[PDB]
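These notes concern the structure reproduced below.
2 protein chains.
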Amino acid sequence: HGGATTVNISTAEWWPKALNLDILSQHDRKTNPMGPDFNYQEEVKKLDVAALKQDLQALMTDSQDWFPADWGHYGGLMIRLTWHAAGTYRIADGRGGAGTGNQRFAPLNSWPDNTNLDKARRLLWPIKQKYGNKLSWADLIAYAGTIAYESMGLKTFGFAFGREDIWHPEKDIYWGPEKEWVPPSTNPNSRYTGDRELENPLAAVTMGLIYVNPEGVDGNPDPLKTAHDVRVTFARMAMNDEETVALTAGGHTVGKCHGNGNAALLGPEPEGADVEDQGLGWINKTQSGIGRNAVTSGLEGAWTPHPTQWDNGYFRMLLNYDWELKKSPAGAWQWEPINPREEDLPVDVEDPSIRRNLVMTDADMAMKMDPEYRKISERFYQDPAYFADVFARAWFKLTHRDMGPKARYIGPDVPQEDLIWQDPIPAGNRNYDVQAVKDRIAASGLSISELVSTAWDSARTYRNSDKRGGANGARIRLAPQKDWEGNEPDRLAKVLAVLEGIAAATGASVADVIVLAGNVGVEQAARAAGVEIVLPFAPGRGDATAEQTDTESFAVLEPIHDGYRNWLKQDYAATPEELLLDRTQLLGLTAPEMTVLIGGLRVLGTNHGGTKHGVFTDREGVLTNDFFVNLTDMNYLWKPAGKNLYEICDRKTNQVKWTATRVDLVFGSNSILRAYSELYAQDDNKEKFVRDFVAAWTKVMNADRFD
Amino acid sequence: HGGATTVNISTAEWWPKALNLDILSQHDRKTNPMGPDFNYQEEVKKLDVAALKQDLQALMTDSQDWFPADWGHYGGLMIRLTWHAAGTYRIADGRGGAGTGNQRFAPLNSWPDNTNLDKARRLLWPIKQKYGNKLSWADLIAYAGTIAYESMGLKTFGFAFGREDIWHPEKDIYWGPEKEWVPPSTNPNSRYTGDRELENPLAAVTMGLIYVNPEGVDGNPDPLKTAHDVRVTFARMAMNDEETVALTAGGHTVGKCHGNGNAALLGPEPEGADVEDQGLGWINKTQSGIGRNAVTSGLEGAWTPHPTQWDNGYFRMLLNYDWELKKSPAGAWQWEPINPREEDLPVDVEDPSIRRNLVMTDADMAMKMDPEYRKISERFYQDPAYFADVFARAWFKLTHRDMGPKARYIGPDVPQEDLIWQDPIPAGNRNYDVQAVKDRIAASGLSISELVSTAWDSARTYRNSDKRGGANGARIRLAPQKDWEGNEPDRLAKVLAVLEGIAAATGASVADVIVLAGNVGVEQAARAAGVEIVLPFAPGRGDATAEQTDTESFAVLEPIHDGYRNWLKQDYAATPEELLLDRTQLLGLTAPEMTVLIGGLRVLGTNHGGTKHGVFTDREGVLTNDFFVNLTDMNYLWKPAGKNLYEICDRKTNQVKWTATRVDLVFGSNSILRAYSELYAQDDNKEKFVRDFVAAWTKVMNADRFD
Ligand code: HEB
Ligand code: HEB
Ligand SMILES: NNC(=O)c1ccncc1
Ligand SMILES: NNC(=O)c1ccncc1
Ligand code: NA
Ligand code: NA
Ligand code: NA
Ligand code: NA
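Keeping their order, the protein sequence lines are chains A and A'. A prime marks a further copy of an entry chain.
With the entry's author numbering, letter number 93 in the first sequence gets 104, and the count goes up by one each step, no holes.
With the entry's author numbering, letter number 389 in the second sequence gets 400, and the count goes up by one each step, no holes.
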């Protein structure tokens with residue numbers, strides 16, 4: 012046969028550095044099986060949430076013969092699922108999280124840490140079958156641990172629904188440079204550089220772990236290094252000290268470690284296992300892997316005397332006893348108590364009249380041994396009421412920190428309360444005379460550059476990874492945002508002065524105006540070209556207050572690179588086009604959209620700094636395919652002027668016609684991008700360019716509109 | 012930053028064997044930049060072909076300063092472009108060819124053999140700009156060599172238009188196992204196995220060569236090995252001895268080898284070159300690479316005294332002179348004449364008053380030295396008229412062997428003649444009473460299995476790689492097809508007997524009936540389910556005669572594997588699911604379509620051999636999601652029964668409920684496919700399953716309808 016039917020037969024073997032444009036073309040018609048008028052948001056509403064919880068509760072104690080629930084209670088497992096489902100989230104880029112059901116596809120379905128979560132997912136199947144298209148997996152998975160906590164005795168803070176499902180792995184996510192699973196923090200391709208600093212975009216200490224290692228740093232028990240490790244990793248998943256302790260205690264307040272066997276004797280991870288395993292993994296055909304002779308972490312024992320119940324066991328065991336390293340039966344550093352009481356011994360998973368042992372992971376010990384955590388552990392020990400209130404919030408934050416604003420939240424249990432990390436925003440003045448505001452905007456002595464940049468910049472923060480950022484809420488005017496360099500705070504100030512009063516004058520939100528300012532500016536550059544159109548408009552945006560604005564959090568959204576405005580804050584070690592590709596992907600743009608947006612924003616002179624790189628025109632401020640036209644023109648030759656800069660030179664005359672950056676010239680060099688640049692440079696495609704630029708513009712501006 | 016912005020950051024690093032489903036999801040909305048009501052077939056019609064040739068002719072002698080035409084004539088280069096554009100085609104799978112404009116994207120844009128074709132493509136740009144959306148690149152490229160031949164003095168047989176463009180590389184194509192360019196025919200990953208046999212699906216002797224090596228087999232001049240090499244490679248691109256000679260002589264009757272420099276001193280291939288090279292490649296910044304001090308093959312000299320003119324020079328030089336190995340200035344085995352005449356010396360590319368040398372490649376020598384080719388070379392020497400008629404056809408076959416049937420051909424120069432390799436088919440009886448034929452079909456004592464298999468099998472031959480195969484022409488009834496095992500010739504015979512007379516009785520083509528037979532059978536299994544529908548229908552199919560049917564050619568289409576009917580002729584070394592993925596891709600099916608088609612065809616008992624593997628039903632012959640339902644059901648466990656077989660067993664009882672093949676179980680193991688199988692197993696999706704199966708069924712049946 013002659014197809015390329017295995018995954019490694021790619022064009023990525025000869026040119027490994029080459030741009031990964033495939034990440035822009037994800038989740039398209041052909042991969043998606045749903046109809047095209049399908050819409051989950053409206054379909055989920057129709058779901059009998061009441062009945063659903065009837066059945067999740069049901070299941071938690073319906074032990075299946077093919078994978079026996081510890082003590083007749085899957086509660087433990089189901090929480091871990093949801094923990095690990097959410098564990099992947101990182102604040103740098105917002106990627107990862109419970110938000111997509113990413114865990115039922117590779118790579119995550121086969122991470123060491125996600126061991127046996129394959130079973131959990133399958134245990135849920137029959138429910139997802141019963142409820143069908145009204146209950147995505149992403150949601151079902153996010154609920155499972157939450158109902159589990161209820162059934163085990165915790166009042167949880169609430170729940171939303173409305174996480175749409177995907178149908179393949181998120182190609183856009185970079186999980187770390189490692190080549191094998193769980194390596195030491197020094198190998199040829201280690202993610203640690205310098206002062207043992209975890210390179211600045213990742214949240215786990217090694218590949219295929221969720222947050223940290225349980226045997227301690229690099230397999231080497233040390234409660235106080237571990238402590239440090241925990242503090243950074245959780246911080247990068249947006250959790251603070253209080254939250255972190257609360258979560259760890261809260262998790263380990265139920266359930267068990269499983270390591271009562273020989274790890275190596277387990278089958279291959281689910282992506283490695285063969286068709287007979289029903290797409291599960293880590294199956295053990297040699298000996299029994301169910302119930303009691305079962306291995307998962309390699310660690311063995313339960314943190315509490317009653318692991319199917321919510322109680323204070325975790326700090327009671329941790330603070331009362333003294334603890335000491337020992338080795339699981341599978342052979343793993345764990346901590347056990349030095350001569351405890353039989354009463355405190357969790358019993359056996361099959362036969363309740365056999366007492367087994369207790370454990371602590373190195374990360375559990377970090378809670379006692381670290382001076383800062385210790386202070387919090389004490390607080391929850393003698394104030395359980397607080398512990399449970401804190402934890403229930405943190406679990407709910409954990410499981411929703413990536414759904415973005417409350418516009419998208421759905422179903423009966425949604426905290427009516429506004430959390431600061433829901434980046435809240437008022438509703439906007441729905442209706443009023445738009446055309447009037449356009450009128451007054453046009454009046455001001457305000458250039459198309461000024462208009463369009465500001466509008467662009469309010470909008471450019473958005474990212475689908477976790478649905479933060481956007482035009483909406485006009486957080487651009489507020490701190491910390493109005494002082495960011497890339498955001499040009501002088502230009503900004505000036506524009507807002509105008510637009511704030513025009514918005515005051517009109518009772519249309521600064522946001523709506525900031526946007527409409529862009530819109531106008533486009534239409535002006537377009538008309539001046541000769542095609543006159545009205546850009547569409549979505550009024551209704553609120554104006555979020557600085558109280559409801561966690562400024563420390565918003566730093567991860569600072570633009571320190573924006574190709575669309577030829578902005579680069581430093582010289583980074585990633586190429587400035589790789590950088591753009593990242594940005595573009597997070598906006599949710601396609602490759603062609605990315606292509607037009609450059610072409611247009613160049614010739615409208617939106618270039619940050621009043622720089623004129625990639626402004627291939629005499630007709631600056633006028634929406635034309637001029638960029639694409641001179642880019643593709645071989646009357647010119649391109650010369651490096653060092654460092655993200657080139658000179659465009661006439662071949663005959665040798666004079667320099669313009670300058671440009673890698674961001675600009677990537678569209679004339681890359682074969683797929685030059686396909687698009689050639690398209691728009693065609694004589695017959697000036698209307699296409701302009702219709703097209705505008706659709707894309709519009710798309711970006713309505714990026715965060717969940718209404 | 013945290014995106015996966017370079018190509019090698021994939022899931023294909025941990026599980027290299029894993030199924031490449033990405034090949035099914037190619038050429039989708041997000042990669043495609045055109046509008047959605049765009050349609051090229053109708054848009055090309057509007058093109059001023061007359062003016063186009065005015066300009067191609069124009070260009071052939073408009074030498075550009077940035078890449079100087081040999082003698083003021085690009086003719087040579089432009090032919091080579093089109094040759095190499097078409098060179099990629101292979102008959103095994105139909106993949107490769109001029110048909111898509113695949114050459115302007117990686118990998119082909121950077122093959123060693125395609126060296127400097129990057130310049131050719133760019134030289135054409137301004138024309139493609141001028142004509143815009145009415146002239147795809149795929150067509151423009153296919154024309155360039157054809158107008159070149161005209162302008163140089165050859166009456167070409169004709170031209171079609173209507174090759175749609177792509178916007179990224181055809182991921183489906185496997186070019187060979189090699190890891191470096193042009194290696195020896197023995198390295199760890201060599202494509203040669205056994206008696207130096209080129210493994211049965213590929214048409215070049217090594218990676219990134221078009222057909223064969225010019226320095227001889229493995230760099231080792233031997234006209235008579237080379238000869239053999241040529242004979243097989245060309246045969247695998249569908250050319251016979253007569254055609255092959257004709258083409259080689261015909262090509263080398265104009266143009267030159269360029270090797271007047273230091274090869275190593277050339278820049279990186281276009282995918283390797285940096286943004287400053289304007290997405291060209293092999294640029295030489297150190298010294299001059301234009302005009303005369305120019306390197307391409309490494310060989311140097313011209314095959315004929317007049318290389319810008321069509322003449323008899325090629326055989327005149329080859330047959331009159333005796334020849335001897337020597338070395339280009341770049342250092343390459345070529346053959347030169349032993350003391351020729353100055354008159355016969357092609358002059359210099361810049362200064363016509365300097366005489367240079369002649370060459371022959373080892374493949375040119377193969378024409379003289381091989382006894383069989385020699386006989387043909389003699390024939391063309393003393394009968395130029397014949398040579399040119401033969402060659403013009405072969406060039407036109409070369410450039411159109413992949414466009415499929417003449418339904419798709421467009422524009423003023425199309426040979427009114429029918430060539431046998433256009434797999435011709437009569438027009439069908441457009442209108443007549445369909446419902447009547449349905450009526451009579453239903454009458455016959457003919458099962459849903461019988462109906463649907465036959466209908467499936469007539470249709471299953473189709474492949475988009477080169478648009479051969481399909482329901483149309485009913486070539487299934489004819490030889491060689493009605494004797495293929497997988498095609499079940501008894502069952503077949505029986506059905507046709509019936510359907511032939513029903514078609515005789517009705518004046519609807521056997522093809523239309525064969526299809527409509529399937530259609531009915533579906534509707535019967537569907538109604539019996541309880542959903543009653545009318546499947547759509549495209550009448551109009553002709554019935555091709557066995558005269559207009561090159562039976563040797565049709566062997567490459569024999570189904571020796573069809574998962575959709577659990578058919579496997581042997582035990583191949585590729586996995587039976589990899590095999591399906593290939594088939595599915597060539598049909599043009601998506602992953603979800605692939606998924607339903609299995610689910611349905613199983614339960615309709617279409618399984619080849621009357622086998623019951625993957626027939627998870629009591630209600631055999633009834634269109635239900637039964638397959639998906641029991642597949643996903645964990646009351647069962649799957650046990651290998653050796654060799655593409657498994658037993659589905661009740662966990663409690665240990666009895667065997669059904670059997671199944673890897674093709675069946677791949678949908679319950681693969682994470683992306685089990686996503687789709689779970690979808691269709693949902694309680695709420697029986698109508699979806701059935702609407703969906705039917706759309707897919709329909710798609711397959713109208714696969715070859717270009718009307
Ligand atoms: C929230 C929640 C949570 C959290 C946060 C956590 C956190 C954690 N964790 Fe966890 N875990 C958990 C919850 C949890 N957790 C659970 C539930 C479990 C168990 C369950 C069962 O039973 O399975 C665990 C389990 C577990 C285990 C065991 C596994 C088995 O099965 O065997 C381990 C090793 C761990 C570790 C860990 C670490 C290292 C950390 C850091 C911090 N953990
Ligand atoms: C048809 C057509 C054709 C064909 C078939 C061919 C076939 C061939 N071929 Fe060829 N070629 C050609 C056409 C051709 N051809 C041309 C046209 C040329 C050149 C052009 C120029 O001038 O560049 C060549 C060229 C050539 C060269 C040179 C390159 C440069 O530039 O330097 C070589 C080496 C060759 C080889 C060859 C071989 C080995 C073969 C096998 C067979 N090529
Ligand atoms: N390996 N882990 C288990 O088998 C399990 C854990 C928690 N509840 C039920 C089963
Ligand atoms: N390297 N080949 C050339 O430069 C060329 C060949 C044929 N016509 C024009 C230029
Ligand atoms: Na995310
Ligand atoms: Na407990
Ligand atoms: Na092809
Ligand atoms: Na000639």
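Backbone N, C-alpha and C fix where the C-beta goes; we use that ideal spot for every residue, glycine too.
Closest by C-alpha distance to residue i, when choosing among the options
| i | options | result |
| --- | --- | --- |
| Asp285 of chain A | A':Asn655, A':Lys493 and A':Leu690 | A':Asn655 |
| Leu88 of chain A | A:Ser147, A:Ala159 and A:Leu146 | A:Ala159 |
| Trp578 of chain A' | A':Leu591, A':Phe678, A':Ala246 and A':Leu568 | A':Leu591 |
| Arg488 of chain A | A:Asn475, A:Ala504 and A:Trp669 | A:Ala504 |
| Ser299 of chain A | A:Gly480, A:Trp321, A:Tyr420 and A:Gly272 | A:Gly272 |
| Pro234 of chain A | A:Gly599, A:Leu276, A:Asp381 and A:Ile349 | A:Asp381 |
| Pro437 of chain A | A:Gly551, A:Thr465 and A:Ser476 | A:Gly551 |
| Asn696 of chain A' | A':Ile683, A':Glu496 and A':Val640 | A':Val640 |
| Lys182 of chain A | A':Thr16, A':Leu600 and A':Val531 | A':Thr16 |
| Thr601 of chain A' | A:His12, A:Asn43, A:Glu24 and A:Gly13 | A:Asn43 |
| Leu276 of chain A' | A':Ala214, A':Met71 and A':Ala341 | A':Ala341 |
| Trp77 of chain A' | A:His179, A:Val677, A:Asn681 and A:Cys660 | A:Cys660 |
| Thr22 of chain A | A':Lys236, A':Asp450, A':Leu119 and A':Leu608 | A':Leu119 |
| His572 of chain A' | A':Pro180, A':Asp593, A':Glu191 and A':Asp444 | A':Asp593 |
| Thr472 of chain A' | A':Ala585, A':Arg207 and A':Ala714 | A':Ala714 |
CA-to-CA distance, residue j to residue i, given in whole angstroms
| i | j | result |
| --- | --- | --- |
| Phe398 of chain A | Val18 of chain A | 48 Å |
| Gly611 of chain A | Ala470 of chain A | 16 Å |
| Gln693 of chain A' | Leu634 of chain A | 50 Å |
| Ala249 of chain A | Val306 of chain A | 31 Å |
| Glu161 of chain A' | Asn636 of chain A | 36 Å |
| residue 2 of chain A | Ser308 of chain A | Since the first and last residues shown for chain A are 12 and 718, residue 2 of chain A lies out of range. |
Backbone secondary structure at residue i - three-state DSSP
| i | result |
| --- | --- |
| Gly512 of chain A' | helix |
| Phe172 of chain A | strand |
| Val633 of chain A | coil |
| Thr709 of chain A' | helix |
| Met328 of chain A' | helix |
| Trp26 of chain A | coil |
Burial state of residue i (16 or more Cβ within 10 Å)
| i | result |
| --- | --- |
| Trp432 of chain A | exposed |
| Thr628 of chain A' | buried |
| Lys130 of chain A' | buried |
| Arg685 of chain A | buried |
Please determine if the stretch 251-271 of chain A' and the stretch 140-152 of chain A' are in contact, where contact requires at least 3 C-beta pairs separated by less than 8 Å. no
Closer than 8 Å is the cut-off here; do at least three beta carbon pairs connect the stretch 276-290 of chain A' with the stretch 643-652 of chain A? By the Cβ rule, the stretch 276-290 of chain A' counts as touching the stretch 643-652 of chain A, because three or more pairs are nearer than 8 Å.
Decide if the stretch 29-45 of chain A is in contact with the stretch 184-198 of chain A'; the criterion is three or more beta carbon pairs, one per stretch, under 8 Å apart. no
Touching or not, the stretch 90-100 of chain A and the stretch 409-426 of chain A, by the rule of three or more beta carbon pairs under 8 Å? yes
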